[PDB]
Amino acid sequence: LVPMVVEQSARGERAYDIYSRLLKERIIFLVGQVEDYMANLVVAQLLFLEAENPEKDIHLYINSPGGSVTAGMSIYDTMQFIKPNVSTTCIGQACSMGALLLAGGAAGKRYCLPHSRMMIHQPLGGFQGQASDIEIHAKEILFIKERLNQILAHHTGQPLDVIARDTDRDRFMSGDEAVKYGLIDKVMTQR
Amino acid sequence: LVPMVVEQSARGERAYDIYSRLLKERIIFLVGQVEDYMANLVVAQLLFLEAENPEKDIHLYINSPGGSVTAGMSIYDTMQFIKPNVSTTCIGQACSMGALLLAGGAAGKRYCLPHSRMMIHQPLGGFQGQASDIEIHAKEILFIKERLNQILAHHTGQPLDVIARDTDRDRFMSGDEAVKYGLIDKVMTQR
Amino acid sequence: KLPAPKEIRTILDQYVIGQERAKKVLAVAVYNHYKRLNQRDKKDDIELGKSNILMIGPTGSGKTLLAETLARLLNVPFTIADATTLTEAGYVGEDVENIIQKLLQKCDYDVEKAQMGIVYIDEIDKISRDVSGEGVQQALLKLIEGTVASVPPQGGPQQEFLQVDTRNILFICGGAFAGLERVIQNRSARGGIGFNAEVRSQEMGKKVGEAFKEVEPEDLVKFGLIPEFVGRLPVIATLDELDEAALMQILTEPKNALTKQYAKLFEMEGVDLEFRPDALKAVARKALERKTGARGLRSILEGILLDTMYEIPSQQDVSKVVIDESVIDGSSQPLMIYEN
Amino acid sequence: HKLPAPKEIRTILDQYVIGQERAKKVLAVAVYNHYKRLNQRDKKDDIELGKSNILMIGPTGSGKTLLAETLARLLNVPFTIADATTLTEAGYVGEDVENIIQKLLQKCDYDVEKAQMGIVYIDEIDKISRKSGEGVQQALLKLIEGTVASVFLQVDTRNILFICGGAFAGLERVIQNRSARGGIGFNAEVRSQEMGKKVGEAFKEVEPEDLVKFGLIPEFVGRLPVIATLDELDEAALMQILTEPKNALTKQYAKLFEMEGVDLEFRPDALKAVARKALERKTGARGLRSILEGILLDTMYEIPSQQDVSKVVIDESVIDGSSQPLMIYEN
Ligand SMILES: Nc1ncnc2c1ncn2[C@@H]1O[C@H](COP(=O)(O)OP(=O)(O)OP(=O)(O)O)[C@@H](O)[C@H]1O
Ligand SMILES: Nc1ncnc2c1ncn2[C@@H]1O[C@H](COP(=O)(O)OP(=O)(O)O)[C@@H](O)[C@H]1O
Ligand SMILES: [Mg+2]
Ligand SMILES: [Mg+2]
């Protein structure tokens with residue numbers, strides 16, 4: 001069950017859930033598989049925080065094993081479009097979309113806990129139909145694979161030939177390895 | 001869970017869900033498969049906002065893989081009937097029915113994010129029965145197909161023959177491609 | 001002395017532009033009110049009760065102007081006390097007594113003048129529905145119908161307090177009841193939403209054209225006002241919204257028209273102030289969007305005149321300053337005949 | 001009455017005040033009209049025009065008094081600067097409201113000729129805000145109406161121009177409420193976290209309504225058809241003011257060192273940094289005093305300790321707070 005929290009503001013006492021209280025501090029949580037419904041909540045949260053303070057930074061915690069590519073793109077495109085710098089902090093796992101959203105944070109604001117694990121693999125897809133339909137969908141999944149590799153290269157600075165080579169198979173990277181790779185900037189250890 | 005939000009208005013403080021708070025700004029969200037239950041909410045929301053300010057524009061975000069043709073028609077017919085301009089900003093994906101709503105927005109107010117995929121496909125129908133019923137149910141799915149082609153030609157401006165040719169098979173169009181096609185007016189990247 | 005209602009109407013019409021409905025109401029209202037103070041003979045006819053008026057109009061409609069202008073026709077003490085300041089006894093805030101106190105300060109502490117005074121309590125709508133609500137209304141109820149004054153002495157014991165009965169004074173009440181249009185819309189054709197609905201024309205100064213014409217006591221009670229309070233005020237005047245057609249007829253027609261006043265100042269230096277028909281209309285539209293109406297004309301005009309009002313004196317031989325529609329907006333500058 | 005043209009008024013006043021020329025433009029024509037118009041109305045057609053009272057609203061150390069003084073520096077007619085706190089009930093609890101007219105009797109020289117054109121000015125009118133309080137406002141408003149009242153010497157109250165100016169505390173917050181906020185969208189204009197934080201919300205655009213909301217008597221609030229808007233300060237104007245007065249801060253600093261026989265050498269470069277410190281403390285022109293007073297404390301405790309300290313050179317490092325005064329002590 002979600003616990004309740006009391007802010008105890010000067011005007012008076014208010015009761016907010018644990019998640020809503022943190023949202024007041026420009027914090028957004030990404031938990032579970034990425035899908036259209038949960039992804040829409042993140043988009044709404046990002047826009048709302050923008051209006052409250054378009055200058056203050058935002059912190060997006062990412063703990064997900066991946067999910068829908070389209071849902072993830074709606075978040076990534078929203079993070080870059082808005083004015084505030086959306087920080088990113090890995091809290092243990094990012095398989096396919098978690099690393100794209102972890103590496104799509106403002107420069108100097110991508111963190112990772114000491115024992116977090118980050119992976120990167122090519123987008124998986126499933127479709128059935130006629131040969132003509134298969135050829136059409138095959139080109140679409142090949143186009144997406146290229147656009148995703150371009151995003152990582154831009155934020156990480158590595159050449160596209162290396163990204164494509166590393167995304168052919170599942171590649172696990174620790175906190176220290178990710179810094180050299182360019183996925184993140186700093187590894188938070190202690191306060 | 002849906003996080004709560006406080007407006008902190010002069011009259012006082014009220015708690016609004018993340019979706020309700022944006023609704024006050026004349027914003028409606030269309031997520032998931034299109035169906036009678038979800039589509040009816042959009043109808044009520046569009047009509048409700050008309051009374052508050054029949055002059056201020058409305059922003060309808062579309063991220064849906066399609067659904068019921070009848071449910072979608074109630075939304076399109078409602079958007080055109082009301083006086084306010086209904087802007088469209090496609091985030092994520094916009095399949096056959098989703099693309100129709102994206103194209104039904106006011107002129108010059110249709111948008112889409114960079115990594116947005118807009119697909120167009122024929123209407124999907126299924127029916128079982130005697131030959132007489134099949135012949136009767138075949139004219140309806142064929143007549144509906146003509147209405148949807150005319151709608152796209154009207155907003156996009158392309159000739160009807162091109163719409164029928166393109167709708168025969170799945171055609172994925174990016175932001176830039178959709179602008180030339182007339183489906184949208186501008187591709188937004190950064191504020 | 002007791003001028004015919006028609007004469008009052010014509011005099012008030014000089015400034016007010018299009019308040020005929022309220023004009024007549026306000027005219028007859030005061031006319032009979034002062035006839036009571038006049039008809040003081042002892043013939044079993046002193047029982048006559050006063051009838052207070054309840055002016056309802058959108059902000060800037062002209063409510064205050066009517067009250068102020070009419071005050072001059074009476075040539076007696078008049079005052080305007082806001083309703084927000086007043087709060088029920090037992091908590092910090094202005095006391096109902098204070099209304100009489102300030103009212104008497106204008107009267108010079110003359111009992112005869114006090115009884116023959118008029119009040120214009122504003123923002124009555126604010127006090128609707130434990131504190132600042134029914135409490136204030138309950139206190140005010142007695143005051144408006146009948147009460148003795150307790151105004152402390154000015155300058156200079158506790159017995160020094162003066163008294164006067166609040167049973168003659170006409171307590172007019174003006175208020176911009178926001179939302180009353182929806183209450184009156186519920187009377188007939190309640191539909192706000194839907195295809196076959198009465199959806200509001202717009203969110204500009206067109207909305208309340210004649211929406212208060214059908215105002216009844218029941219709606220005011222539903223609004224929040226106490227039933228007794230609504231009963232106290234039998235007359236309910238109604239004012240228009242002063243839309244663009246009104247604002248065009250108010251910038252030159254009134255005797256105190258801004259154009260006239262501005263022209264007078266310009267005429268001294270020798271510049272013949274001129275305005276274009278479309279130019280004046282342009283200002284009206286700018287004021288409506290700004291939501292400042294009457295009060296926006298002066299400011300808007302000062303932003304279009306002051307600029308050249310600082311130059312014109314230093315310039316000589318100036319004969320005319322043509323104000324074009326373009327000049328009103330931020331595209332052109334006031335055309336001026338630098339030489340003859 | 002001096003009564004010059006708006007051009008002359010602004011130009012002659014600019015000589016002593018820098019940065020307040022925007023408001024000047026308005027006030028220039030404003031006072032120009034009042035004197036000319038009233039004095040020689042010649043029974044103008046449909047006379048409606050009321051006394052052209054001008055409001056003055058600016059924060060502390062904005063040069064309200066300076067603009068009031070410069071305005072009264074060349075004005076031959078009296079100005080009778082007065083206060084709003086000093087006023088109390090009419091000789092019941094303390095000072096009476098006739099004291100404003102009493103200050104006029106001193107400046108007018110008991111001359112009715114001067115009294116009628118007396119420019120009654122008040123400062124810090126924002127300290128009588130309703131919450132004595134509202135009573136003083138009403139007793140004050142009575143004279144604003146132009147009601148002839150003796151103090152004893154009969155005084156002409158008609159045609160008295162009011163340029164009263166108060167440092168209203170919490171004025172921007174009230175006009176900030178009137179300002180609308182941005183939306184929450186992908187194609188919407190969020191303009192700022194807050195709206196009255198980039199420009200002075202109060203002194204850019206004001207309407208009588210905003211003043212009534214503040215908690216002032218509506219009659220007095222709608223008694224002045226004209227208004228003004230004072231700009232707190234300017235970065236460029238802060239370097240000029242540093243040495244513009246006859247006894248400017250920097251000048252006085254050097255003069256104080258000169259009493260002992262030391263020269264206060266100062267660098268142009270340092271000046272720029274100094275302006276920023278004042279702009280950050282946001283205490284007005286007077287605020288700058290504290291910055292240098294502290295900075296000089298070390299120099300005010302080093303020059304005395306070491307005798308024969310010919311001069312002292314201040315560099316940008318000293319204002320940064322790292323460098324120590326470069327003592328030029330020699331022979
Ligand atoms: N516009 C200005 N130009 C030059 N100096 C100024 C200006 N405004 C303030 N000052 C400086 O402020 C000092 C005097 O402050 P003063 O007592 O006039 O504050 P004030 O503006 O009257 O305060 P308030 O606005 O509350 O009345 C002088 O040393 C003067 O140099
Ligand atoms: N028809 C009109 N002619 C001239 N002035 C008007 C007119 N209507 C409104 N005003 C001006 O608008 C101001 C506001 O008063 P009013 O409209 O009565 O109510 P409120 O003060 O609540 O806006 C008045 O000072 C008046 O000068
Ligand atoms: Mg008014
Ligand atoms: Mg001073």
# chains A, B, ... in the order shown; residues from 1 in each chain; ligands from 1
$ closest_atom_pairs --of "chain D" --to "chain A" --cutoff "12 Å" --atoms "only C-alpha atoms" --output "tab-separated table"
residue	atom	partner	partner_atom	distance
D:181	CA	A:51	CA	9.0
D:182	CA	A:51	CA	6.9
D:183	CA	A:51	CA	6.8
D:184	CA	A:51	CA	5.7
D:185	CA	A:47	CA	6.3
D:186	CA	A:47	CA	7.7
D:187	CA	A:81	CA	10.5
D:188	CA	A:51	CA	9.7
D:189	CA	A:51	CA	9.2
D:190	CA	A:51	CA	5.9
D:191	CA	A:51	CA	8.5
D:192	CA	A:54	CA	6.8
D:193	CA	A:53	CA	4.7
D:194	CA	A:53	CA	8.4
D:195	CA	A:53	CA	11.6
$ residues_near_ligand --ligand "ligand 3" --cutoff "8 Å" --atoms "only C-alpha atoms and all ligand atoms" --output "list in words"
residues 60, 62, 63, 64 and 65 of chain C
$ interface_residues --of "chain D" --to "chain C" --cutoff "10 Å" --atoms "only C-alpha atoms" --output "PDB file with N, CA and C atoms, in the first residue's frame"
ATOM      1  N   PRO D   4       7.227  75.811 -17.410  1.00  0.00           N
ATOM      2  CA  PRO D   4       7.921  75.729 -18.700  1.00  0.00           C
ATOM      3  C   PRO D   4       7.275  74.685 -19.595  1.00  0.00           C
ATOM      4  N   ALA D   5       7.807  74.493 -20.797  1.00  0.00           N
ATOM      5  CA  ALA D   5       7.276  73.477 -21.687  1.00  0.00           C
ATOM      6  C   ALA D   5       7.726  72.095 -21.219  1.00  0.00           C
ATOM      7  N   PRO D   6       7.018  71.026 -21.625  1.00  0.00           N
ATOM      8  CA  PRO D   6       7.461  69.667 -21.248  1.00  0.00           C
ATOM      9  C   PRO D   6       8.921  69.394 -21.577  1.00  0.00           C
ATOM     10  N   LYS D   7       9.362  69.816 -22.766  1.00  0.00           N
ATOM     11  CA  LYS D   7      10.756  69.659 -23.173  1.00  0.00           C
ATOM     12  C   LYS D   7      11.695  70.289 -22.151  1.00  0.00           C
ATOM     13  N   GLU D   8      11.472  71.569 -21.839  1.00  0.00           N
ATOM     14  CA  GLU D   8      12.318  72.273 -20.880  1.00  0.00           C
ATOM     15  C   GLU D   8      12.275  71.605 -19.512  1.00  0.00           C
ATOM     16  N   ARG D  10      11.637  68.419 -18.644  1.00  0.00           N
ATOM     17  CA  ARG D  10      12.424  67.190 -18.643  1.00  0.00           C
ATOM     18  C   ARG D  10      13.921  67.471 -18.751  1.00  0.00           C
ATOM     19  N   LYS D  25       8.910  62.258 -18.554  1.00  0.00           N
ATOM     20  CA  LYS D  25       8.100  62.543 -19.741  1.00  0.00           C
ATOM     21  C   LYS D  25       6.628  62.745 -19.403  1.00  0.00           C
ATOM     22  N   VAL D  26       6.059  61.797 -18.658  1.00  0.00           N
ATOM     23  CA  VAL D  26       4.654  61.875 -18.270  1.00  0.00           C
ATOM     24  C   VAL D  26       4.428  63.039 -17.311  1.00  0.00           C
ATOM     25  N   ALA D  28       6.208  65.612 -16.754  1.00  0.00           N
ATOM     26  CA  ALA D  28       6.510  66.891 -17.395  1.00  0.00           C
ATOM     27  C   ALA D  28       5.262  67.539 -17.987  1.00  0.00           C
ATOM     28  N   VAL D  29       4.612  66.842 -18.921  1.00  0.00           N
ATOM     29  CA  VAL D  29       3.394  67.366 -19.539  1.00  0.00           C
ATOM     30  C   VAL D  29       2.286  67.513 -18.503  1.00  0.00           C
ATOM     31  N   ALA D  30       2.191  66.552 -17.579  1.00  0.00           N
ATOM     32  CA  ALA D  30       1.168  66.560 -16.534  1.00  0.00           C
ATOM     33  C   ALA D  30       1.121  67.885 -15.779  1.00  0.00           C
ATOM     34  N   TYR D  32       2.698  70.650 -16.508  1.00  0.00           N
ATOM     35  CA  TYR D  32       2.566  71.713 -17.502  1.00  0.00           C
ATOM     36  C   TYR D  32       1.098  72.061 -17.742  1.00  0.00           C
ATOM     37  N   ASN D  33       0.280  71.040 -18.000  1.00  0.00           N
ATOM     38  CA  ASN D  33      -1.146  71.235 -18.244  1.00  0.00           C
ATOM     39  C   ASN D  33      -1.832  71.910 -17.060  1.00  0.00           C
ATOM     40  N   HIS D  34      -1.716  71.299 -15.873  1.00  0.00           N
ATOM     41  CA  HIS D  34      -2.346  71.768 -14.640  1.00  0.00           C
ATOM     42  C   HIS D  34      -2.256  73.276 -14.423  1.00  0.00           C
ATOM     43  N   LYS D  36      -1.061  75.848 -16.545  1.00  0.00           N
ATOM     44  CA  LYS D  36      -1.591  76.535 -17.721  1.00  0.00           C
ATOM     45  C   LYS D  36      -3.114  76.460 -17.802  1.00  0.00           C
ATOM     46  N   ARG D  37      -3.647  75.236 -17.851  1.00  0.00           N
ATOM     47  CA  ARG D  37      -5.083  75.015 -17.988  1.00  0.00           C
ATOM     48  C   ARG D  37      -5.904  75.756 -16.934  1.00  0.00           C
ATOM     49  N   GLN D  40      -5.707  79.826 -16.771  1.00  0.00           N
ATOM     50  CA  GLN D  40      -6.312  80.517 -17.912  1.00  0.00           C
ATOM     51  C   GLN D  40      -7.385  79.666 -18.583  1.00  0.00           C
ATOM     52  N   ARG D  41      -8.283  79.067 -17.789  1.00  0.00           N
ATOM     53  CA  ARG D  41      -9.330  78.228 -18.372  1.00  0.00           C
ATOM     54  C   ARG D  41     -10.184  79.004 -19.367  1.00  0.00           C
ATOM     55  N   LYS D  44     -13.640  77.313 -20.400  1.00  0.00           N
ATOM     56  CA  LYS D  44     -13.603  76.332 -21.481  1.00  0.00           C
ATOM     57  C   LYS D  44     -14.954  75.637 -21.628  1.00  0.00           C
ATOM     58  N   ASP D  45     -15.288  75.291 -22.869  1.00  0.00           N
ATOM     59  CA  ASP D  45     -16.536  74.590 -23.145  1.00  0.00           C
ATOM     60  C   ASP D  45     -16.626  73.277 -22.370  1.00  0.00           C
ATOM     61  N   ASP D  46     -17.808  73.025 -21.789  1.00  0.00           N
ATOM     62  CA  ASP D  46     -18.135  71.790 -21.053  1.00  0.00           C
ATOM     63  C   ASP D  46     -17.030  71.383 -20.077  1.00  0.00           C
ATOM     64  N   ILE D  47     -16.579  72.343 -19.260  1.00  0.00           N
ATOM     65  CA  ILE D  47     -15.494  72.064 -18.316  1.00  0.00           C
ATOM     66  C   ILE D  47     -15.853  70.875 -17.434  1.00  0.00           C
ATOM     67  N   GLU D  48     -15.032  69.830 -17.517  1.00  0.00           N
ATOM     68  CA  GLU D  48     -15.169  68.622 -16.715  1.00  0.00           C
ATOM     69  C   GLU D  48     -13.867  68.309 -15.988  1.00  0.00           C
ATOM     70  N   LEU D  49     -12.746  68.607 -16.652  1.00  0.00           N
ATOM     71  CA  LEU D  49     -11.394  68.347 -16.172  1.00  0.00           C
ATOM     72  C   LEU D  49     -11.202  68.696 -14.704  1.00  0.00           C
ATOM     73  N   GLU D  89      -5.664  61.508  13.964  1.00  0.00           N
ATOM     74  CA  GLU D  89      -7.025  62.016  14.040  1.00  0.00           C
ATOM     75  C   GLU D  89      -6.994  63.538  14.191  1.00  0.00           C
ATOM     76  N   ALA D  90      -8.137  64.169  13.936  1.00  0.00           N
ATOM     77  CA  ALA D  90      -8.212  65.629  13.929  1.00  0.00           C
ATOM     78  C   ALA D  90      -8.201  66.148  15.360  1.00  0.00           C
ATOM     79  N   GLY D  91      -6.987  66.341  15.865  1.00  0.00           N
ATOM     80  CA  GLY D  91      -6.765  66.836  17.220  1.00  0.00           C
ATOM     81  C   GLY D  91      -7.505  66.087  18.304  1.00  0.00           C
ATOM     82  N   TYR D  92      -7.562  64.758  18.199  1.00  0.00           N
ATOM     83  CA  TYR D  92      -8.181  63.906  19.208  1.00  0.00           C
ATOM     84  C   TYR D  92      -7.160  63.023  19.906  1.00  0.00           C
ATOM     85  N   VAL D  93      -6.382  62.269  19.130  1.00  0.00           N
ATOM     86  CA  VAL D  93      -5.339  61.394  19.656  1.00  0.00           C
ATOM     87  C   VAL D  93      -3.938  61.974  19.469  1.00  0.00           C
ATOM     88  N   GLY D  94      -3.770  62.964  18.594  1.00  0.00           N
ATOM     89  CA  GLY D  94      -2.462  63.520  18.314  1.00  0.00           C
ATOM     90  C   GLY D  94      -2.507  64.654  17.310  1.00  0.00           C
ATOM     91  N   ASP D  96      -3.168  66.855  14.073  1.00  0.00           N
ATOM     92  CA  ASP D  96      -4.355  67.013  13.247  1.00  0.00           C
ATOM     93  C   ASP D  96      -3.979  66.983  11.768  1.00  0.00           C
ATOM     94  N   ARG D 130      -4.908  51.005   5.298  1.00  0.00           N
ATOM     95  CA  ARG D 130      -5.942  50.482   6.176  1.00  0.00           C
ATOM     96  C   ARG D 130      -5.580  49.075   6.635  1.00  0.00           C
ATOM     97  N   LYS D 131      -6.010  48.740   7.847  1.00  0.00           N
ATOM     98  CA  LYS D 131      -5.743  47.431   8.431  1.00  0.00           C
ATOM     99  C   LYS D 131      -6.852  47.078   9.415  1.00  0.00           C
ATOM    100  N   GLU D 134      -7.039  53.887   8.360  1.00  0.00           N
ATOM    101  CA  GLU D 134      -8.002  54.336   7.360  1.00  0.00           C
ATOM    102  C   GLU D 134      -8.635  55.671   7.735  1.00  0.00           C
ATOM    103  N   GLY D 135      -8.713  55.992   9.027  1.00  0.00           N
ATOM    104  CA  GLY D 135      -9.301  57.261   9.423  1.00  0.00           C
ATOM    105  C   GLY D 135      -8.515  58.449   8.902  1.00  0.00           C
ATOM    106  N   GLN D 138      -9.288  59.128   5.134  1.00  0.00           N
ATOM    107  CA  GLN D 138     -10.511  59.872   4.850  1.00  0.00           C
ATOM    108  C   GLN D 138     -10.336  61.344   5.201  1.00  0.00           C
ATOM    109  N   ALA D 139      -9.782  61.631   6.381  1.00  0.00           N
ATOM    110  CA  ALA D 139      -9.538  63.018   6.760  1.00  0.00           C
ATOM    111  C   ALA D 139      -8.542  63.673   5.809  1.00  0.00           C
ATOM    112  N   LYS D 142     -10.385  64.437   2.299  1.00  0.00           N
ATOM    113  CA  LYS D 142     -11.202  65.648   2.344  1.00  0.00           C
ATOM    114  C   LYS D 142     -10.475  66.830   1.713  1.00  0.00           C
ATOM    115  N   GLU D 205       2.754  49.195 -15.623  1.00  0.00           N
ATOM    116  CA  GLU D 205       1.363  49.341 -16.046  1.00  0.00           C
ATOM    117  C   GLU D 205       0.476  49.219 -14.817  1.00  0.00           C
ATOM    118  N   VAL D 206      -0.272  50.272 -14.481  1.00  0.00           N
ATOM    119  CA  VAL D 206      -1.160  50.238 -13.323  1.00  0.00           C
ATOM    120  C   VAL D 206      -2.495  50.865 -13.691  1.00  0.00           C
ATOM    121  N   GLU D 207      -3.551  50.329 -13.083  1.00  0.00           N
ATOM    122  CA  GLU D 207      -4.925  50.766 -13.215  1.00  0.00           C
ATOM    123  C   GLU D 207      -5.474  51.051 -11.819  1.00  0.00           C
ATOM    124  N   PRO D 208      -6.444  51.971 -11.679  1.00  0.00           N
ATOM    125  CA  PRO D 208      -6.988  52.271 -10.337  1.00  0.00           C
ATOM    126  C   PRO D 208      -7.430  51.050  -9.541  1.00  0.00           C
ATOM    127  N   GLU D 209      -8.040  50.060 -10.202  1.00  0.00           N
ATOM    128  CA  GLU D 209      -8.477  48.829  -9.539  1.00  0.00           C
ATOM    129  C   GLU D 209      -7.368  48.220  -8.682  1.00  0.00           C
ATOM    130  N   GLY D 215      -5.744  47.914  -0.594  1.00  0.00           N
ATOM    131  CA  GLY D 215      -6.359  48.213   0.686  1.00  0.00           C
ATOM    132  C   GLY D 215      -6.472  49.699   0.960  1.00  0.00           C
ATOM    133  N   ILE D 217      -8.581  53.476   0.230  1.00  0.00           N
ATOM    134  CA  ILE D 217      -9.925  54.021   0.039  1.00  0.00           C
ATOM    135  C   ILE D 217     -10.196  54.172  -1.459  1.00  0.00           C
ATOM    136  N   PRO D 218     -11.261  53.572  -2.017  1.00  0.00           N
ATOM    137  CA  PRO D 218     -11.491  53.709  -3.469  1.00  0.00           C
ATOM    138  C   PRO D 218     -11.648  55.141  -3.954  1.00  0.00           C
ATOM    139  N   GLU D 219     -12.213  56.044  -3.148  1.00  0.00           N
ATOM    140  CA  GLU D 219     -12.375  57.425  -3.597  1.00  0.00           C
ATOM    141  C   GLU D 219     -11.025  58.080  -3.861  1.00  0.00           C
ATOM    142  N   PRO D 225      -6.287  61.209 -12.118  1.00  0.00           N
ATOM    143  CA  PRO D 225      -6.363  60.627 -13.469  1.00  0.00           C
ATOM    144  C   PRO D 225      -5.015  60.214 -14.038  1.00  0.00           C
ATOM    145  N   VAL D 226      -3.913  60.762 -13.531  1.00  0.00           N
ATOM    146  CA  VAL D 226      -2.577  60.468 -14.030  1.00  0.00           C
ATOM    147  C   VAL D 226      -1.834  59.627 -12.996  1.00  0.00           C
ATOM    148  N   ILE D 227      -0.807  58.923 -13.470  1.00  0.00           N
ATOM    149  CA  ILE D 227       0.037  58.060 -12.659  1.00  0.00           C
ATOM    150  C   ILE D 227       1.468  58.180 -13.172  1.00  0.00           C
TER     151      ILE D 227
END
$ residues_near_ligand --ligand "ligand 4" --cutoff "10 Å" --atoms "only C-alpha atoms and all ligand atoms" --output "ChimeraX atom specification"
/D:60-69,123-124,286
$ interface_residues --of "chain B" --to "chain A" --cutoff "8 Å" --atoms "only C-alpha atoms" --output "list in words"
residues 2, 3, 4, 5, 18, 19, 22, 31, 32, 63, 91, 92, 93, 113, 114, 115, 116, 169, 170, 171, 172, 189, 190 and 191 of chain B
$ write_last_selection --atoms "N, CA and C atoms" --output "tab-separated table (two decimals), in the first residue's frame"
chain	number	residue	atom	x	y	z
B	2	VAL	N	-2.03	7.48	-10.14
B	2	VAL	CA	-2.09	8.82	-10.73
B	2	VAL	C	-1.70	9.82	-9.65
B	3	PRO	N	-0.63	10.60	-9.82
B	3	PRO	CA	-0.26	11.55	-8.76
B	3	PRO	C	-1.18	12.76	-8.74
B	4	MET	N	-1.43	13.26	-7.53
B	4	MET	CA	-2.26	14.43	-7.34
B	4	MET	C	-1.43	15.70	-7.54
B	5	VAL	N	-2.14	16.82	-7.74
B	5	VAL	CA	-1.50	18.11	-7.96
B	5	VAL	C	-2.40	19.18	-7.35
B	18	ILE	N	-3.38	14.55	-12.15
B	18	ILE	CA	-2.51	15.04	-13.22
B	18	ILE	C	-3.30	15.26	-14.51
B	19	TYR	N	-4.29	14.42	-14.78
B	19	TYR	CA	-5.09	14.58	-15.99
B	19	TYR	C	-6.10	15.71	-15.86
B	22	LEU	N	-4.53	19.29	-16.29
B	22	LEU	CA	-4.31	19.68	-17.67
B	22	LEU	C	-5.62	19.96	-18.39
B	31	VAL	N	-5.22	8.02	-25.30
B	31	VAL	CA	-4.23	6.96	-25.14
B	31	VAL	C	-4.93	5.61	-25.20
B	32	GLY	N	-4.24	4.63	-25.78
B	32	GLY	CA	-4.77	3.28	-25.89
B	32	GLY	C	-5.65	3.09	-27.11
B	63	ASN	N	-1.96	9.39	-29.16
B	63	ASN	CA	-1.00	8.28	-29.09
B	63	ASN	C	-1.90	7.05	-28.97
B	91	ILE	N	2.13	12.35	-30.55
B	91	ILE	CA	3.26	11.91	-29.75
B	91	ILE	C	3.25	10.38	-29.76
B	92	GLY	N	4.39	9.79	-30.07
B	92	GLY	CA	4.47	8.34	-30.12
B	92	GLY	C	4.12	7.77	-31.48
B	93	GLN	N	2.89	7.28	-31.62
B	93	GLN	CA	2.43	6.67	-32.86
B	93	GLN	C	1.00	7.11	-33.15
B	113	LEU	N	5.89	15.23	-33.01
B	113	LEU	CA	7.25	15.24	-32.52
B	113	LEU	C	8.19	14.62	-33.56
B	114	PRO	N	9.51	14.82	-33.42
B	114	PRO	CA	10.43	14.27	-34.43
B	114	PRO	C	10.37	12.76	-34.60
B	115	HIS	N	10.43	12.01	-33.50
B	115	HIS	CA	10.40	10.54	-33.56
B	115	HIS	C	8.97	10.02	-33.41
B	116	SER	N	8.11	10.45	-34.33
B	116	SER	CA	6.71	10.06	-34.37
B	116	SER	C	6.44	9.33	-35.68
B	169	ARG	N	-1.93	-0.37	-48.58
B	169	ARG	CA	-0.95	-1.05	-47.75
B	169	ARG	C	-0.45	-0.10	-46.68
B	170	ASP	N	0.10	-0.68	-45.61
B	170	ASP	CA	0.64	0.11	-44.52
B	170	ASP	C	1.77	1.00	-45.02
B	171	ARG	N	1.68	2.30	-44.71
B	171	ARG	CA	2.69	3.28	-45.11
B	171	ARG	C	3.08	4.10	-43.89
B	172	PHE	N	4.32	3.95	-43.45
B	172	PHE	CA	4.85	4.70	-42.32
B	172	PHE	C	5.44	6.00	-42.83
B	189	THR	N	10.50	20.72	-32.71
B	189	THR	CA	11.70	20.09	-32.15
B	189	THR	C	12.06	20.62	-30.77
B	190	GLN	N	12.14	21.94	-30.61
B	190	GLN	CA	12.50	22.56	-29.35
B	190	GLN	C	11.71	23.84	-29.15
B	191	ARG	N	11.47	24.17	-27.89
B	191	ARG	CA	10.72	25.37	-27.53
B	191	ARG	C	11.55	26.62	-27.80
$ closest_residue --among "D:229, D:106, D:222, D:128" --to "ligand 2" --atoms "only C-alpha atoms and all ligand atoms"
D:222
$ residues_near_ligand --ligand "ligand 1" --cutoff "10 Å" --atoms "only C-alpha atoms and all ligand atoms" --output "PyMOL selection string"
chain D and resi 14+16-21+56-69+122-126+165-168+230-234+237-238+240-249+284-289
$ atom_distance --atom1 "CA of residue 220 in chain C" --atom2 "CA of residue 183 in chain C"
8.5 Å
$ residues_around --residues "residue 333 in chain C" --least-positions-apart "5" --cutoff "10 Å" --atoms "only C-alpha atoms" --output "compact mmCIF listing (two decimals) with C-alpha atoms, in the first residue's frame"
# COMPACT_ATOMS: atom_id res chain seq x y z
CA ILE C 304 -1.32 57.47 -28.07
CA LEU C 305 -1.49 61.21 -27.20
CA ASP C 307 3.88 61.00 -26.83
CA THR C 308 2.99 63.92 -29.12
CA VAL C 322 -4.83 63.56 -37.34
CA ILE C 323 -5.15 60.34 -35.32
CA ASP C 324 -5.37 57.38 -37.73
CA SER C 326 -2.83 52.83 -37.57
CA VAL C 327 -1.70 55.37 -34.95
CA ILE C 328 -3.94 53.70 -32.35
